[PDB]
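Positions are given from 1 along the sequence. As a basis for the values below, the full set of heavy atoms in this structure was taken, side chains included, without hydrogen atoms, waters or symmetry mates.
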Amino acid sequence: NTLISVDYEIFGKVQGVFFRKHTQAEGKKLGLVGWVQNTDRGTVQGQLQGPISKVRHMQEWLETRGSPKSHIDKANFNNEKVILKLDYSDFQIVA
C-alpha cells in the first residue's frame with residue numbers, strides 16, 4: 001500500500017513570504033510528513049513522504065501556489081522513491 005518519498009527544491013520569490021509556514025500547513029492538511037527549510041541559495045527545500053496521490057497534490061501546490069505573497073519559478077523534484085515506511089512522524093519547519 002504504496003508510500004513514496006520525494007525531495008523538492010522551490011525556486012522563485014520564496015523567502016520573506018512565510019513559505020515554510022504555508023508549506024507545513026498544507027503538508028499536514030494532506031496527511032504528509034517530511035520537512036521544509038530555507039537554503040543558502042534562496043530556495044526552499046525539503047522532503048515529502050506519504051501515499052502517492054497525497055504527495056502528488058502537494059507537488060502541484062508547490063508548483064503553482066505556495067504562500068500567498070510567493071512567486072514560484074520552478075519546483076525541482078528529485079529522488080522520488082518507494083519507501084517501506086515513513087521516516088518522519090510529523091512535518092517539521094527546520095529553522
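Put simply, the side chain of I93 does not reach to within 4.5 Å of the side chain of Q37, judged on heavy atoms. A 4.5 Å side-chain heavy-atom check between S70 and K13 finds every atom pair outside the cut-off. Two residues are said to be in side-chain contact when any heavy atoms from C-beta on lie closer than 4.5 Å; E60 and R65 meet this criterion.
Of the N and O atoms on the side chains of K74 and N76, at least one donor lies less than 3.5 Å from an acceptor on the other residue. No hydrogens or angles considered: a donor-acceptor pair under 3.5 Å links the side chains of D7 and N79. With no hydrogens or angles considered, a side-chain donor-acceptor pair links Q47 and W35 at under 3.5 Å. Inspection of the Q45 and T39 side chains reveals no N or O donor paired with an N or O acceptor under 3.5 Å.
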### Query
What's the verdict on side-chain contact (heavy atoms from CB on, under 4.5 Å) for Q92 and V33, showing C-alpha distance, side-chain angles and the deciding distance?
CA-CA 8 Å; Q92 278 270 252; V33 300; over 6 Å; no
### Task
Give the intermediate values and the outcome of salt bridge (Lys or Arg N to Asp or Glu O under 4.0 Å) for residues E80 and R56.
CA-CA 11 Å; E80 181 190 77; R56 294 269 184 278; 2.9 Å; yes
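The line from CD of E26 to NE2 of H22 is 10.0 Å long, rounded to the nearest 0.5 Å. For the atom pair CZ of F19 and CD of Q24, the computed distance is 13.0 Å after rounding to the nearest 0.5 Å. To the nearest 0.5 angstrom, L48 atom CG is 8.5 Å from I4 atom CD1.
Cluster membership for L3 and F91, using ILVMFWY side-chain heavy atoms within less than 4.5 angstrom, is not shared. Placement of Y88 and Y8 in two distinct hydrophobic clusters is found when ILVMFWY residues are connected by side-chain heavy-atom separations under 4.5 Å, directly or transitively. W61 and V36 fall within the same hydrophobic cluster, where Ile, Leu, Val, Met, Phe, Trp and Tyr residues are linked whenever their side-chain heavy atoms come under 4.5 Å apart, directly or through other members. Criterion: ILVMFWY side-chain heavy atoms under 4.5 Å apart, direct or through other members. Under it, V94 and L32 are not part of a common hydrophobic cluster. Hydrophobic cluster membership is shared by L30 and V44, with clusters built from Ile, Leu, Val, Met, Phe, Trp and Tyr side chains linked at under 4.5 angstrom.
Side-chain N or O atoms of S67 include none that pairs as donor or acceptor with a backbone N or O of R20 at under 3.5 Å.
By the 6.0 Å contact criterion, CZ on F77 is enclosed, its count of non-hydrogen atoms from other residues, nucleotides or ligands being greater than 12.
When every heavy atom of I72 is checked against every heavy atom of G66, the shortest pair comes out as CD1-N, 3.6 Å. In terms of heavy atoms, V55 sits closest to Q49 at CG2-C, 4.1 Å.
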